[PDB]
Structure formats: structure tokens, C-alpha cells
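Peer 1: Handing you a structure now.
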Amino acid sequence: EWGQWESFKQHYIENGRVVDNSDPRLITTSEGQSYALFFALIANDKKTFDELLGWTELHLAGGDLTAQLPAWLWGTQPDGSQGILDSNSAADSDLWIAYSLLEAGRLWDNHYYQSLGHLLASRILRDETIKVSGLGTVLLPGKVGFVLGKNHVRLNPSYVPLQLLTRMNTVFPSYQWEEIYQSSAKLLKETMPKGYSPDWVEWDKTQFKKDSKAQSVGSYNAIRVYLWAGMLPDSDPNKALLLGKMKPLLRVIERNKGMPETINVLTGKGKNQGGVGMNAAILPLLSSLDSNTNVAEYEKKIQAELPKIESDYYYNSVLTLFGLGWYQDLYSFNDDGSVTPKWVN
Ligand SMILES: [Cl-]
Ligand code: NI
């Protein structure tokens, strides 16, 4: 029913795990699992959803997702065995997994999925959030390694889709999730002086500062900011504020026909060509604002490039699933952060 999803399963999923073969360790990430769970839900694919969930729990979460956040990285170890390569969590993926479970629970009337999504979400609060001066409670990028000093944290704009955060608060209200929505909105709006979001940025007590490691680069992480924002319902007051800053991006598309591999968020100047994944990632945004780009023809170009990412290009494939899937009306987000797949109505 969703051709691109059927292709993705064939070429990227092996017995419940999403494989990124660009790493010679033939890795699976909690990110890959999280996106595949979401896509399986959008596709009304209960069987694959179950397979993905089971693999995630067994291999990344010690057989119990109610007991711990999943490890983010799994694959071939130096001795040839397969196992966890990094036991740290990745909060963006934790959030996508919790969201997909909550939404699958609602859409499929599956009380287990509802409960599991809830218990995972509660653990995200426990294990990878912290309250800092001025910004309040933030979602940290992982359970360890992102607290850099007193009231000083390293954050990642792409990790916090406002629609997912809205959803955390709408059936079981939570002062913590409300605070995280607010700090995330502030993070997004205040670190894009030219309408471009960095991959990483620090909050140091009283202000945002250039990330000491990643500097001012916006690249593969950050391209998702435009993706999530372009798919917000206009009920979210932050959508208009974020999109109001993105005229430079639209001009980049007019002139260069796509976003660059890396962009300097302070100057708006970019390096290299970004690729079909990044082009799909900006498609919802492109469809939502005025520019000289013919959107229909832009989408046709993306479609023409799909055979080239049939295999061996995990990340471009998930970006195209998100962006083309949305453009082709396969799913939309609602005012309460929930998602309505095409198959519902
Ligand atoms: Cl619905
Ligand atoms: Ni019920």
C-alpha cells in the first residue's frame, strides 16, 4: 500500500532490525528502529511494527523497555560477535519510540502499546531531562554526556519535534512535558539567527552559545528541524514564528535547487551538495511558503532519484519516507500532536 515503505522493508530491514550498511559494522541504531516503528504505523503494518518492537526491546533494552531506555548503537564488535556498541541512549529516538507506541496504541486500540509508550515516556523524564536556569526543564540528547557544567547543557534542535512534545501532554497532562515543550520552542526560535538551525548548541546558564565541538554547522541532524516544523499544524503558535524566519532557506532552494551538505548558521553560506534526503526533508516547508520553486516539479525530481537510494542509503531513505510520505498525504499531524494516517479515513 505504501510502495516506498515496502521497498524500505526489503532493503533495510532484516528480521526486525534496521540496518545501516554505510558503517562496516553493519549497524542498527535506536533512531532507525524509531523511524521504522513510525513508518510501520503510517503503513498500517502491524506485523512489521511487532517485529521491530521485539527486536528493539530484546537487543537494545535488555529485554524490558519498561526497565531501561534502549542503547542507541548495535552491530559487529571487533571480535566478530554482534552486540551493543554504545550503551548510552539517544533521546530523539527514545521520544520517537514512545510517540510511536502511544499513537499505535490509540490507532490500533492496543492497550499494551499505550502502556509501554507511557512507561517509556516516563523514563525519558526520569533519565534524560534536567532543569537549568532560565531555560527550565530540557530534554537532554542522552542519559549521559550532555551536562557540561552547572546550569550548562549541550542540546540538539533536531531532537525535539514540537508535535511529539505536544502529544506527550495531551491525554495524561504533565507539568514536566509542558516545561519541555516550552524550553524546546525557545531552543528552536533562539538559535536560528538566519533561519538555519545548528546540529548542536549549548545553553550556558543565561544564553545559547556556539557548540564547542560542532561549531556553527547545520547538516544532517539539523535538516530535520525544517522537516518537523513544516509538518506542524498551524494550531501550534510556534509554527508561524519558525517559518517566518525561513525565507533565506527558500532562496537557497530557488538558487541551488537543494540545501548544502553543511551550512554555517551564522552566515547562511553552505558547503557541497546535500542530496535527495535533504531535499525531501525540506519539501513540507517548501509547500508551505511562497517562492519561485515549482513544488510539483521539485517533488518529481525527488521521485526520479529514488532508485538510487533503493539500498545502501539508510538516512536518505528515512528522510524521503518522512518528506514524500507527508507530501503525498500519507499522514498528517493534528492540533494535539497525534497523527492521522491516510488509512484511517
Ligand atoms: Cl486519527
Ligand atoms: Ni481504553
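How things are named: the first chain in the C-alpha cells is A, the next is B, and so on; residues count from 1 in each chain; ligands count from 1 in the order shown.
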Could I get the residues of chain A with an atom no further than 12 Å from an atom of ligand 2, each paired with its nearest atom pair and that distance in Å to one decimal, using only C-alpha atoms and all ligand atoms, sorted by chain and residue number, as JSON lines?
Peer 2:
```
{"residue": "A:105", "atom": "CA", "partner": "ligand 2", "partner_atom_place_in_ligand_line": "1 (Ni)", "distance": 9.3}
{"residue": "A:106", "atom": "CA", "partner": "ligand 2", "partner_atom_place_in_ligand_line": "1 (Ni)", "distance": 8.5}
{"residue": "A:107", "atom": "CA", "partner": "ligand 2", "partner_atom_place_in_ligand_line": "1 (Ni)", "distance": 11.3}
{"residue": "A:108", "atom": "CA", "partner": "ligand 2", "partner_atom_place_in_ligand_line": "1 (Ni)", "distance": 11.0}
{"residue": "A:109", "atom": "CA", "partner": "ligand 2", "partner_atom_place_in_ligand_line": "1 (Ni)", "distance": 7.3}
{"residue": "A:110", "atom": "CA", "partner": "ligand 2", "partner_atom_place_in_ligand_line": "1 (Ni)", "distance": 8.4}
{"residue": "A:111", "atom": "CA", "partner": "ligand 2", "partner_atom_place_in_ligand_line": "1 (Ni)", "distance": 6.6}
{"residue": "A:112", "atom": "CA", "partner": "ligand 2", "partner_atom_place_in_ligand_line": "1 (Ni)", "distance": 10.3}
{"residue": "A:113", "atom": "CA", "partner": "ligand 2", "partner_atom_place_in_ligand_line": "1 (Ni)", "distance": 11.3}
{"residue": "A:114", "atom": "CA", "partner": "ligand 2", "partner_atom_place_in_ligand_line": "1 (Ni)", "distance": 8.9}
{"residue": "A:115", "atom": "CA", "partner": "ligand 2", "partner_atom_place_in_ligand_line": "1 (Ni)", "distance": 10.4}
{"residue": "A:171", "atom": "CA", "partner": "ligand 2", "partner_atom_place_in_ligand_line": "1 (Ni)", "distance": 11.8}
```
Peer 1: List as a Markdown table every residue of chain A that is in contact with ligand 1, defined as an atom at most 12 Å from one of its atoms (using only C-alpha atoms and all ligand atoms), together with the nearest atom pair and the distance in Å rounded to one decimal, sorted by chain and then rising number.
Peer 2:
```
| residue | atom | partner | partner_atom_place_in_ligand_line | distance |
| --- | --- | --- | --- | --- |
| A:41 | CA | ligand 1 | 1 (Cl) | 11.7 |
| A:42 | CA | ligand 1 | 1 (Cl) | 10.9 |
| A:103 | CA | ligand 1 | 1 (Cl) | 8.9 |
| A:104 | CA | ligand 1 | 1 (Cl) | 10.3 |
| A:105 | CA | ligand 1 | 1 (Cl) | 11.4 |
| A:106 | CA | ligand 1 | 1 (Cl) | 8.2 |
| A:107 | CA | ligand 1 | 1 (Cl) | 6.5 |
| A:108 | CA | ligand 1 | 1 (Cl) | 10.1 |
| A:109 | CA | ligand 1 | 1 (Cl) | 11.4 |
| A:331 | CA | ligand 1 | 1 (Cl) | 9.6 |
| A:332 | CA | ligand 1 | 1 (Cl) | 9.2 |
| A:333 | CA | ligand 1 | 1 (Cl) | 9.1 |
| A:334 | CA | ligand 1 | 1 (Cl) | 8.2 |
| A:335 | CA | ligand 1 | 1 (Cl) | 11.2 |
| A:336 | CA | ligand 1 | 1 (Cl) | 10.6 |
| A:337 | CA | ligand 1 | 1 (Cl) | 10.5 |
| A:338 | CA | ligand 1 | 1 (Cl) | 7.1 |
| A:339 | CA | ligand 1 | 1 (Cl) | 6.1 |
| A:340 | CA | ligand 1 | 1 (Cl) | 4.1 |
| A:341 | CA | ligand 1 | 1 (Cl) | 6.9 |
| A:342 | CA | ligand 1 | 1 (Cl) | 9.1 |
| A:343 | CA | ligand 1 | 1 (Cl) | 9.4 |
| A:344 | CA | ligand 1 | 1 (Cl) | 6.4 |
| A:345 | CA | ligand 1 | 1 (Cl) | 8.1 |
```
Peer 1: Could you name the residues that touch residue A:246 at 12 Å or less, counting only C-alpha atoms, but leaving out those on the same chain fewer than 3 positions away, as a ChimeraX atom specification?
Peer 2: /A:189,192-197,225-226,229-230,239-243,249-253,265,268,282,285-286,288-291
Peer 1: Would you kindly return, as number ranges by chain, each protein, DNA or RNA residue with an atom no farther than 7 Å from any atom of stretch 26-40 of chain A, considering only C-alpha atoms and excluding same-chain residues fewer than 6 positions away?
Peer 2: A: 17-20, 46, 48-49, 52, 56, 70-76, 93, 96-97, 100
Peer 1: Enumerate, as a VMD selection string, the complete set of residues in stretch 94-325 of chain A that a backbone-based DSSP assignment places in strand (DSSP E or B).
Peer 2: chain A and resid 129 to 132 136 to 139 147 to 149 152 to 155 201 to 204 208 to 211 215 217 to 218 260 to 264 270 to 273
Peer 1: Could you produce a table of the residues of stretch 186-261 of chain A lying within 10 Å of stretch 127-148 of chain A, with the nearest pair of atoms per residue and their separation in Å rounded to one decimal, using only C-alpha atoms, ordered by chain and increasing residue number, as JSON lines?
Peer 2:
```
{"residue": "A:186", "atom": "CA", "partner": "A:135", "partner_atom": "CA", "distance": 7.8}
{"residue": "A:187", "atom": "CA", "partner": "A:135", "partner_atom": "CA", "distance": 8.5}
{"residue": "A:200", "atom": "CA", "partner": "A:141", "partner_atom": "CA", "distance": 9.7}
{"residue": "A:202", "atom": "CA", "partner": "A:148", "partner_atom": "CA", "distance": 8.7}
{"residue": "A:203", "atom": "CA", "partner": "A:135", "partner_atom": "CA", "distance": 8.1}
{"residue": "A:204", "atom": "CA", "partner": "A:148", "partner_atom": "CA", "distance": 8.5}
{"residue": "A:205", "atom": "CA", "partner": "A:133", "partner_atom": "CA", "distance": 5.8}
{"residue": "A:206", "atom": "CA", "partner": "A:134", "partner_atom": "CA", "distance": 6.2}
{"residue": "A:207", "atom": "CA", "partner": "A:134", "partner_atom": "CA", "distance": 8.4}
{"residue": "A:208", "atom": "CA", "partner": "A:135", "partner_atom": "CA", "distance": 9.8}
```
Peer 1: So which residues touch residue A:315 within 12 Å, counting only C-alpha atoms, skipping near sequence neighbours fewer than 4 positions away, as a PDB file with N, CA and C atoms, in the first residue's frame?
Peer 2:
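Generated output (out_35.pdb):
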```pdb
ATOM      1  N   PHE A   8      11.574  -0.049   1.526  1.00  0.00           N
ATOM      2  CA  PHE A   8      12.445   0.132   2.676  1.00  0.00           C
ATOM      3  C   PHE A   8      12.568  -1.161   3.486  1.00  0.00           C
ATOM      4  N   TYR A  12      16.281  -2.537   3.813  1.00  0.00           N
ATOM      5  CA  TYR A  12      16.900  -2.030   5.038  1.00  0.00           C
ATOM      6  C   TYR A  12      16.550  -2.790   6.304  1.00  0.00           C
ATOM      7  N   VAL A  18      16.692  -2.516  11.646  1.00  0.00           N
ATOM      8  CA  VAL A  18      17.013  -1.625  10.537  1.00  0.00           C
ATOM      9  C   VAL A  18      18.529  -1.527  10.405  1.00  0.00           C
ATOM     10  N   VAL A  19      19.049  -1.840   9.219  1.00  0.00           N
ATOM     11  CA  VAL A  19      20.494  -1.912   9.010  1.00  0.00           C
ATOM     12  C   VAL A  19      21.030  -0.721   8.217  1.00  0.00           C
ATOM     13  N   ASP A  20      22.034  -0.048   8.768  1.00  0.00           N
ATOM     14  CA  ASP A  20      22.762   0.986   8.033  1.00  0.00           C
ATOM     15  C   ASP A  20      24.115   0.426   7.633  1.00  0.00           C
ATOM     16  N   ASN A  21      24.218  -0.006   6.380  1.00  0.00           N
ATOM     17  CA  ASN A  21      25.451  -0.630   5.905  1.00  0.00           C
ATOM     18  C   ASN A  21      26.533   0.358   5.457  1.00  0.00           C
ATOM     19  N   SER A  22      26.313   1.653   5.680  1.00  0.00           N
ATOM     20  CA  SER A  22      27.358   2.640   5.406  1.00  0.00           C
ATOM     21  C   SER A  22      28.462   2.562   6.463  1.00  0.00           C
ATOM     22  N   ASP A  23      28.143   1.936   7.590  1.00  0.00           N
ATOM     23  CA  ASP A  23      29.105   1.643   8.643  1.00  0.00           C
ATOM     24  C   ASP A  23      29.463   0.171   8.466  1.00  0.00           C
ATOM     25  N   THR A  28      22.755  -1.097  13.669  1.00  0.00           N
ATOM     26  CA  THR A  28      21.383  -0.684  13.905  1.00  0.00           C
ATOM     27  C   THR A  28      21.435   0.392  14.970  1.00  0.00           C
ATOM     28  N   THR A  29      20.657   1.453  14.780  1.00  0.00           N
ATOM     29  CA  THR A  29      20.539   2.492  15.792  1.00  0.00           C
ATOM     30  C   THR A  29      19.138   2.531  16.377  1.00  0.00           C
ATOM     31  N   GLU A  31      17.609   5.163  16.536  1.00  0.00           N
ATOM     32  CA  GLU A  31      16.995   6.047  15.535  1.00  0.00           C
ATOM     33  C   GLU A  31      16.307   5.261  14.414  1.00  0.00           C
ATOM     34  N   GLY A  32      17.038   4.329  13.812  1.00  0.00           N
ATOM     35  CA  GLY A  32      16.484   3.509  12.745  1.00  0.00           C
ATOM     36  C   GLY A  32      15.254   2.750  13.202  1.00  0.00           C
ATOM     37  N   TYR A  35      12.211   5.269  13.668  1.00  0.00           N
ATOM     38  CA  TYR A  35      11.614   5.744  12.429  1.00  0.00           C
ATOM     39  C   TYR A  35      10.823   4.619  11.777  1.00  0.00           C
ATOM     40  N   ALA A  36      11.387   3.415  11.785  1.00  0.00           N
ATOM     41  CA  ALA A  36      10.710   2.269  11.183  1.00  0.00           C
ATOM     42  C   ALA A  36       9.412   1.929  11.927  1.00  0.00           C
ATOM     43  N   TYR A 220      23.225  17.106   8.572  1.00  0.00           N
ATOM     44  CA  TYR A 220      22.249  16.017   8.563  1.00  0.00           C
ATOM     45  C   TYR A 220      21.334  15.915   9.772  1.00  0.00           C
ATOM     46  N   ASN A 221      21.833  16.258  10.956  1.00  0.00           N
ATOM     47  CA  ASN A 221      20.954  16.330  12.124  1.00  0.00           C
ATOM     48  C   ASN A 221      19.928  17.440  11.929  1.00  0.00           C
ATOM     49  N   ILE A 223      18.806  19.215   9.469  1.00  0.00           N
ATOM     50  CA  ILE A 223      17.858  19.304   8.359  1.00  0.00           C
ATOM     51  C   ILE A 223      16.473  18.847   8.816  1.00  0.00           C
ATOM     52  N   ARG A 224      16.432  18.022   9.863  1.00  0.00           N
ATOM     53  CA  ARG A 224      15.160  17.543  10.393  1.00  0.00           C
ATOM     54  C   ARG A 224      14.345  18.634  11.089  1.00  0.00           C
ATOM     55  N   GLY A 274      23.807  18.579  -0.878  1.00  0.00           N
ATOM     56  CA  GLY A 274      23.286  17.827   0.251  1.00  0.00           C
ATOM     57  C   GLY A 274      22.673  16.478  -0.071  1.00  0.00           C
ATOM     58  N   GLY A 275      21.899  16.414  -1.151  1.00  0.00           N
ATOM     59  CA  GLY A 275      21.358  15.144  -1.605  1.00  0.00           C
ATOM     60  C   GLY A 275      19.851  14.993  -1.519  1.00  0.00           C
ATOM     61  N   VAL A 276      19.345  13.879  -2.037  1.00  0.00           N
ATOM     62  CA  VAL A 276      17.902  13.677  -2.146  1.00  0.00           C
ATOM     63  C   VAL A 276      17.193  13.632  -0.786  1.00  0.00           C
ATOM     64  N   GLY A 277      17.886  13.160   0.245  1.00  0.00           N
ATOM     65  CA  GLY A 277      17.280  13.079   1.561  1.00  0.00           C
ATOM     66  C   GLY A 277      16.999  14.467   2.095  1.00  0.00           C
ATOM     67  N   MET A 278      17.995  15.343   2.011  1.00  0.00           N
ATOM     68  CA  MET A 278      17.811  16.716   2.470  1.00  0.00           C
ATOM     69  C   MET A 278      16.762  17.446   1.654  1.00  0.00           C
ATOM     70  N   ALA A 280      14.088  16.091   0.223  1.00  0.00           N
ATOM     71  CA  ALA A 280      12.795  15.624   0.703  1.00  0.00           C
ATOM     72  C   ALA A 280      12.475  16.209   2.079  1.00  0.00           C
ATOM     73  N   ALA A 281      13.496  16.357   2.914  1.00  0.00           N
ATOM     74  CA  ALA A 281      13.284  16.875   4.262  1.00  0.00           C
ATOM     75  C   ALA A 281      12.708  18.287   4.249  1.00  0.00           C
ATOM     76  N   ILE A 309      18.603   5.394  -4.158  1.00  0.00           N
ATOM     77  CA  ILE A 309      18.699   5.106  -2.725  1.00  0.00           C
ATOM     78  C   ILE A 309      17.925   3.855  -2.303  1.00  0.00           C
ATOM     79  N   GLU A 310      17.599   2.999  -3.269  1.00  0.00           N
ATOM     80  CA  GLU A 310      16.860   1.761  -3.004  1.00  0.00           C
ATOM     81  C   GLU A 310      17.552   0.940  -1.927  1.00  0.00           C
ATOM     82  N   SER A 311      18.872   0.850  -2.020  1.00  0.00           N
ATOM     83  CA  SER A 311      19.662   0.230  -0.967  1.00  0.00           C
ATOM     84  C   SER A 311      20.901   1.074  -0.703  1.00  0.00           C
ATOM     85  N   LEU A 319      14.633   9.997   5.373  1.00  0.00           N
ATOM     86  CA  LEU A 319      14.240  11.380   5.131  1.00  0.00           C
ATOM     87  C   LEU A 319      13.207  11.462   4.015  1.00  0.00           C
ATOM     88  N   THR A 320      13.383  10.652   2.974  1.00  0.00           N
ATOM     89  CA  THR A 320      12.415  10.640   1.883  1.00  0.00           C
ATOM     90  C   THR A 320      11.089  10.016   2.311  1.00  0.00           C
ATOM     91  N   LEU A 321      11.138   9.002   3.173  1.00  0.00           N
ATOM     92  CA  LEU A 321       9.901   8.438   3.710  1.00  0.00           C
ATOM     93  C   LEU A 321       9.111   9.498   4.472  1.00  0.00           C
ATOM     94  N   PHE A 322       9.788  10.244   5.343  1.00  0.00           N
ATOM     95  CA  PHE A 322       9.117  11.330   6.061  1.00  0.00           C
ATOM     96  C   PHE A 322       8.554  12.377   5.110  1.00  0.00           C
TER      97      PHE A 322
END
```
Peer 1: Taking the chain letters and numbering used in this document, name the residues of stretch 255-301 of chain A that DSSP puts in alpha helix (DSSP H), as a list in words.
Peer 2: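 Across stretch 255-301 of chain A, those assigned alpha helix (DSSP H) are residues 255, 256, 276, 277, 278, 279, 280, 281, 283, 284, 285, 286, 295, 296, 297, 298, 299, 300 and 301 of chain A.
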Peer 1: What would the file look like if the residues just selected were written as a short mmCIF file (atom, residue, chain, number, x, y, z; two decimals), in the first residue's frame with C-alpha atoms?
Peer 2:
```cif
data_model
loop_
_atom_site.label_atom_id
_atom_site.label_comp_id
_atom_site.auth_asym_id
_atom_site.auth_seq_id
_atom_site.Cartn_x
_atom_site.Cartn_y
_atom_site.Cartn_z
CA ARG A 255 19.17 29.22 -6.48
CA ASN A 256 20.84 25.91 -5.63
CA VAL A 276 17.90 13.68 -2.15
CA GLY A 277 17.28 13.08 1.56
CA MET A 278 17.81 16.72 2.47
CA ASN A 279 15.70 17.77 -0.48
CA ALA A 280 12.80 15.62 0.70
CA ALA A 281 13.28 16.87 4.26
CA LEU A 283 9.57 19.53 0.97
CA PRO A 284 6.85 20.15 3.60
CA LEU A 285 8.38 23.59 4.31
CA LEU A 286 8.69 24.30 0.57
CA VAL A 295 6.89 22.43 -5.89
CA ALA A 296 5.25 19.81 -8.11
CA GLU A 297 8.32 19.69 -10.34
CA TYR A 298 10.59 19.64 -7.29
CA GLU A 299 8.80 16.54 -5.98
CA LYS A 300 9.05 14.88 -9.41
CA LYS A 301 12.82 15.32 -9.26
#
```
Peer 1: Choose the residue, out of A:222, A:125, A:101, A:13, that has the smallest atom-to-atom separation from residue A:174; count only C-alpha atoms.
Peer 2: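 Ranked by minimum distance to residue A:174, first place goes to A:125.
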Peer 1: Just the number, please: distance in Å from atom CA of residue A:184 to atom CA of residue A:155, one decimal.
Peer 2: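 These two atoms are separated by 9.5 Å.
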Peer 1: So, counting only C-alpha atoms, which residue among A:120, A:201, A:1, A:15 is closest to residue A:45?
Peer 2: A:1
Peer 1: Ranking A:126, A:219, A:61, A:318 by minimum distance to residue A:273 and counting only C-alpha atoms, which one comes first?
Peer 2: A:219
Peer 1: Between atom CA of residue A:303 and atom CA of residue A:6, what is the distance, to one decimal in Å?
Peer 2: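 Those two atoms sit 15.4 Å apart.
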